[PDB]
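Asks: Before we start, here is the structure in question, set down as structure tokens.
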Amino acid sequence: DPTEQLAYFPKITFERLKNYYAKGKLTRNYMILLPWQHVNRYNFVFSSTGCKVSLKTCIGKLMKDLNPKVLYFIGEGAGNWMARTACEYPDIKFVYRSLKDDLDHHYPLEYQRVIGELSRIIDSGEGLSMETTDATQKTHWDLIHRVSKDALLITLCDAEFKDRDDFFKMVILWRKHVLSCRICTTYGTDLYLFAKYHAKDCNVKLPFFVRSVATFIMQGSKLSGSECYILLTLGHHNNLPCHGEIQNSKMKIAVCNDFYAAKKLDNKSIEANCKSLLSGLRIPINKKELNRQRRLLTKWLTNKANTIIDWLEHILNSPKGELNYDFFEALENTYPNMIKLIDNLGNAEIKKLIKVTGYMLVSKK
Ligand SMILES: [Zn+2]
């Protein structure tokens with residue numbers, strides 16, 4: 001059942017800034033190296049965007065008002081955001097698109113493991129070329145209605161654009177489509193595009209007839225970043241959110257709010273992330289379990305293994321704290337040779353380490 005499965009997803013905290021004087025800067029230098037935003041994502045293996053952003057939480061009223069039958073997703077991932085959306089709205093259907101590559105993801109692996117069946121996905125994107133899956137290409141939009149004949153009411157883009165102009169290329173193409181499309185023009189100018197954007201400069205105008213409604217700053221976003229989500233529509237264009245706006249809102253959420261843990265614990269997922277971090281790791285991860293992984297080793301792979309145990313060992317010895325960057329900074333600055341950890345382990349393994357670290361801290365006391 002979709003609604004029962006929603007309990008494995010964590011509560012989202014965000015800041016909404018409607019686009020419709022001197023506001024001093026909020027600053028706090030957190031001495032953190034690890035990606036602590038994955039601390040409440042222990043229940044998800046491949047993708048985990050559903051823990052970062054949600055439609056019922058952010059655009060809940062817009063979902064109720066527009067009441068779409070089909071939701072369009074252009075996110076280059078395993079479909080965890082789409083998986084959460086299926087749990088929130090169990091009668092909604094989906095059109096899925098992701099850039100076709102062997103390097104990255106181009107199939108809903110996470111949606112399939114969360115929901116079970118792909119029956120609700122009416123357009124998996126199968127049989128499409130590399131450019132017909134690329135949001136920055138015309139032919140991608142020309143083939144979006146190949147199955148779904150419903151208007152693009154709410155289009156959701158989680159694409160991570162290499163170039164900042166590539167975001168614009170995608171936006172201009174969305175505008176061109178909604179103002180041309182026989183289906184979409186019948187629905188009117190009350191069409192939306194909710195997309196991930198990296199705020200870098202100030203007073204940067206959006207393309208012609210593209211108006212920003214609100215800007216959402218997520219707790220789940222990388223602290224050191226400037227990633228936000230912007231709701232866009234047809235109307236007299238305004239400027240994109242500036243780098244300053246985001247940092248202050250981002251800081252408040254980091255300084256004040258705590259990371260909410262998931263109501264339920266998917267043991268299958270936790271077992272999977274544990275074996276993916278260190279093959280042989282079993283739950284619960286106690287002192288006896290960690291001493292077993294040490295004796296098993298008695299080489300680069302054996303050096304990488306020891307680094308992992310030593311960190312998980314530090315978590316066991318560390319007291320239970322509130323899930324906030326102040327406590328994560330403490331955890332980091334109390335563990336000696338933190339630089340050895342960052343040097344030995346790659347970006348994916350370091351994300352896997354924090355998912356398991358999070359499981360531990362939640363399982364404490
Ligand atoms: Zn259309």
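Letters for chains follow the order of the structure tokens (A, B, ...), residue numbers begin at 1 for each chain, and ligand numbers begin at 1 in the order shown.
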Using only C-alpha atoms and all ligand atoms, find each residue of chain A with at least one atom at most 6 Å away from an atom of ligand 1; report its shortest atom-to-atom pair and that distance in Å (one decimal), sort the rows by chain and rising residue number, and return the result as a Markdown table.
Replies:
```
| residue | atom | partner | partner_atom_place_in_ligand_line | distance |
| --- | --- | --- | --- | --- |
| A:151 | CA | ligand 1 | 1 (Zn) | 5.4 |
| A:152 | CA | ligand 1 | 1 (Zn) | 5.8 |
| A:178 | CA | ligand 1 | 1 (Zn) | 5.7 |
| A:181 | CA | ligand 1 | 1 (Zn) | 4.4 |
| A:183 | CA | ligand 1 | 1 (Zn) | 5.1 |
| A:184 | CA | ligand 1 | 1 (Zn) | 4.4 |
```
Asks: For the selection you just gave me, I'd like the residues written to a file as an mmCIF file, in the first residue's frame, keeping N, CA and C atoms.
Replies:
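See selection-v3.cif below for the written result:
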```
data_model
loop_
_atom_site.group_PDB
_atom_site.id
_atom_site.type_symbol
_atom_site.label_atom_id
_atom_site.label_comp_id
_atom_site.auth_asym_id
_atom_site.auth_seq_id
_atom_site.Cartn_x
_atom_site.Cartn_y
_atom_site.Cartn_z
ATOM 1 N N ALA A 151 -2.291 17.586 -20.027
ATOM 2 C CA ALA A 151 -1.457 18.794 -20.003
ATOM 3 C C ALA A 151 -0.364 18.742 -18.930
ATOM 4 N N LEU A 152 0.723 19.506 -19.145
ATOM 5 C CA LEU A 152 1.863 19.599 -18.235
ATOM 6 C C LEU A 152 1.583 20.603 -17.096
ATOM 7 N N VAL A 178 4.792 24.572 -23.661
ATOM 8 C CA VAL A 178 3.496 24.928 -23.042
ATOM 9 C C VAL A 178 2.713 25.990 -23.845
ATOM 10 N N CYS A 181 2.130 23.546 -27.664
ATOM 11 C CA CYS A 181 1.430 22.271 -27.497
ATOM 12 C C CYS A 181 -0.085 22.386 -27.516
ATOM 13 N N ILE A 183 -2.287 20.291 -26.545
ATOM 14 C CA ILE A 183 -2.861 19.846 -25.273
ATOM 15 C C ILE A 183 -2.714 20.945 -24.202
ATOM 16 N N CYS A 184 -1.463 21.377 -23.965
ATOM 17 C CA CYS A 184 -1.079 22.345 -22.945
ATOM 18 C C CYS A 184 -1.707 23.736 -23.139
#
```
Asks: Could I get the residues of stretch 138-211 of chain A with an atom no further than 12 Å from an atom of stretch 77-86 of chain A, each paired with its nearest atom pair and that distance in Å to one decimal, using only C-alpha atoms, sorted by chain and residue number, as a tab-separated table?
Replies:
```
residue	atom	partner	partner_atom	distance
A:155	CA	A:82	CA	11.7
A:156	CA	A:82	CA	9.4
A:157	CA	A:81	CA	10.5
A:158	CA	A:77	CA	8.3
A:159	CA	A:77	CA	8.5
A:160	CA	A:77	CA	10.1
```
Asks: What's the 6 Å shell around stretch 16-26 of chain A, counting only C-alpha atoms, without same-chain residues fewer than 4 positions away, as an MDAnalysis selection string?
Replies: chainID A and resid 213:216 248
Asks: Skip stretch 53-63 of chain A itself and residues of its chain fewer than 3 positions away, then list as a list in words all residues within 9 Å of it, counting only C-alpha atoms.
Replies: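 In the requested form, the answer reads residues 11, 12, 13, 14, 16, 49, 50, 66, 67, 68, 81, 84, 85, 88, 89, 154, 216, 218, 219, 220, 229 and 231 of chain A.
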Asks: Which of these, A:209, A:9, A:168, A:192, has the shortest distance to residue A:43 once you count only C-alpha atoms?
Replies: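 The shortest atom-to-atom distance to residue A:43 comes from A:9.
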Asks: Restricting the calculation to only C-alpha atoms, which member of A:298, A:119, A:133, A:40 is positioned closest to residue A:73?
Replies: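 Comparing A:298, A:119, A:133, A:40 against residue A:73, the winner is A:133.
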Asks: Report as a CSV table (one decimal) with N, CA and C atoms, in the first residue's frame all protein, DNA and RNA residues lying within 8 Å of residue A:318, evaluated on only C-alpha atoms, omitting residues in the same chain fewer than 3 positions from it.
Replies:
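Everything below was put into part.csv:
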```csv
chain,number,residue,atom,x,y,z
A,314,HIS,N,33.8,5.1,16.7
A,314,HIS,CA,33.7,6.5,17.3
A,314,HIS,C,32.2,6.8,17.6
A,315,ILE,N,31.3,6.4,16.7
A,315,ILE,CA,29.9,6.7,16.9
A,315,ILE,C,29.3,6.0,18.1
A,331,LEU,N,30.9,15.7,16.6
A,331,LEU,CA,31.3,14.3,16.2
A,331,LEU,C,32.5,14.3,15.3
```
Asks: Give the strand (DSSP E or B) residues of stretch 152-347 of chain A, as assigned by DSSP on the backbone, as number ranges by chain.
Replies: A: 154-157, 192-198, 205, 210-218, 227-234, 239
Asks: Could you turn the residues from that selection into a file that holds N, CA and C atoms, as a JSON list (two decimals), in the first residue's frame?
Replies:
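File produced: out.json:
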```
[["chain", "number", "residue", "atom", "x", "y", "z"],
["A", 154, "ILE", "N", 1.88, 20.19, -13.60],
["A", 154, "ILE", "CA", 3.05, 20.27, -12.73],
["A", 154, "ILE", "C", 4.17, 19.39, -13.30],
["A", 155, "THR", "N", 5.23, 20.05, -13.79],
["A", 155, "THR", "CA", 6.43, 19.42, -14.34],
["A", 155, "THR", "C", 7.52, 19.58, -13.29],
["A", 156, "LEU", "N", 8.17, 18.47, -12.92],
["A", 156, "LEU", "CA", 9.17, 18.44, -11.85],
["A", 156, "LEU", "C", 10.55, 18.07, -12.36],
["A", 157, "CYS", "N", 11.48, 19.03, -12.29],
["A", 157, "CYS", "CA", 12.84, 18.84, -12.78],
["A", 157, "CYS", "C", 13.88, 18.83, -11.68],
["A", 192, "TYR", "N", 2.75, 24.94, -14.38],
["A", 192, "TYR", "CA", 3.90, 25.09, -13.50],
["A", 192, "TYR", "C", 5.07, 24.17, -13.80],
["A", 193, "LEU", "N", 6.27, 24.63, -13.40],
["A", 193, "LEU", "CA", 7.57, 23.95, -13.49],
["A", 193, "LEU", "C", 8.29, 24.20, -12.17],
["A", 194, "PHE", "N", 8.45, 23.14, -11.37],
["A", 194, "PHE", "CA", 9.12, 23.14, -10.08],
["A", 194, "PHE", "C", 10.50, 22.53, -10.33],
["A", 195, "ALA", "N", 11.55, 23.37, -10.31],
["A", 195, "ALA", "CA", 12.88, 22.88, -10.62],
["A", 195, "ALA", "C", 13.98, 23.28, -9.65],
["A", 196, "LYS", "N", 14.97, 22.37, -9.50],
["A", 196, "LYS", "CA", 16.20, 22.54, -8.72],
["A", 196, "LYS", "C", 17.07, 23.57, -9.43],
["A", 197, "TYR", "N", 17.52, 24.61, -8.71],
["A", 197, "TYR", "CA", 18.35, 25.69, -9.24],
["A", 197, "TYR", "C", 19.45, 26.05, -8.25],
["A", 198, "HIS", "N", 20.65, 26.41, -8.76],
["A", 198, "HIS", "CA", 21.79, 26.81, -7.94],
["A", 198, "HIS", "C", 21.98, 28.32, -8.03],
["A", 205, "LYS", "N", 17.50, 38.05, -14.45],
["A", 205, "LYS", "CA", 16.16, 37.87, -15.03],
["A", 205, "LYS", "C", 15.95, 36.49, -15.65],
["A", 210, "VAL", "N", 8.32, 34.04, -18.17],
["A", 210, "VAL", "CA", 8.55, 33.01, -17.15],
["A", 210, "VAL", "C", 8.70, 33.72, -15.80],
["A", 211, "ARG", "N", 7.68, 33.59, -14.93],
["A", 211, "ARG", "CA", 7.62, 34.23, -13.61],
["A", 211, "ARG", "C", 7.81, 33.22, -12.48],
["A", 212, "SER", "N", 8.69, 33.54, -11.52],
["A", 212, "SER", "CA", 8.96, 32.73, -10.33],
["A", 212, "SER", "C", 7.89, 33.04, -9.28],
["A", 213, "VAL", "N", 7.17, 32.01, -8.81],
["A", 213, "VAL", "CA", 6.08, 32.14, -7.81],
["A", 213, "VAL", "C", 6.62, 32.15, -6.37],
["A", 214, "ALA", "N", 7.50, 31.17, -6.05],
["A", 214, "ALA", "CA", 8.12, 30.98, -4.73],
["A", 214, "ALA", "C", 9.44, 30.26, -4.88],
["A", 215, "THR", "N", 10.30, 30.38, -3.85],
["A", 215, "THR", "CA", 11.62, 29.75, -3.78],
["A", 215, "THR", "C", 11.68, 28.92, -2.50],
["A", 216, "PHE", "N", 12.02, 27.64, -2.63],
["A", 216, "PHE", "CA", 12.06, 26.75, -1.48],
["A", 216, "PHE", "C", 13.48, 26.36, -1.16],
["A", 217, "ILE", "N", 13.88, 26.57, 0.10],
["A", 217, "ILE", "CA", 15.21, 26.24, 0.61],
["A", 217, "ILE", "C", 15.04, 25.01, 1.50],
["A", 218, "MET", "N", 15.69, 23.90, 1.16],
["A", 218, "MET", "CA", 15.53, 22.64, 1.88],
["A", 218, "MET", "C", 16.61, 22.37, 2.91],
["A", 227, "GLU", "N", 21.90, 25.33, -3.54],
["A", 227, "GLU", "CA", 20.82, 24.62, -4.21],
["A", 227, "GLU", "C", 19.49, 24.99, -3.55],
["A", 228, "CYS", "N", 18.50, 25.34, -4.38],
["A", 228, "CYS", "CA", 17.14, 25.65, -3.95],
["A", 228, "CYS", "C", 16.17, 25.10, -5.00],
["A", 229, "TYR", "N", 14.86, 25.18, -4.73],
["A", 229, "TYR", "CA", 13.84, 24.72, -5.67],
["A", 229, "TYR", "C", 12.94, 25.88, -5.99],
["A", 230, "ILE", "N", 12.71, 26.13, -7.28],
["A", 230, "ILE", "CA", 11.89, 27.28, -7.66],
["A", 230, "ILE", "C", 10.66, 26.87, -8.45],
["A", 231, "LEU", "N", 9.49, 27.40, -8.05],
["A", 231, "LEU", "CA", 8.23, 27.16, -8.74],
["A", 231, "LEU", "C", 8.11, 28.28, -9.76],
["A", 232, "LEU", "N", 7.92, 27.92, -11.04],
["A", 232, "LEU", "CA", 7.83, 28.86, -12.16],
["A", 232, "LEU", "C", 6.51, 28.71, -12.90],
["A", 233, "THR", "N", 6.03, 29.80, -13.52],
["A", 233, "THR", "CA", 4.78, 29.82, -14.29],
["A", 233, "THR", "C", 4.85, 30.83, -15.44],
["A", 234, "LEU", "N", 3.79, 30.91, -16.26],
["A", 234, "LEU", "CA", 3.71, 31.87, -17.35],
["A", 234, "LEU", "C", 3.25, 33.21, -16.77],
["A", 239, "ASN", "N", 13.24, 38.33, -11.48],
["A", 239, "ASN", "CA", 14.59, 37.79, -11.29],
["A", 239, "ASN", "C", 14.59, 36.48, -10.53]]
```
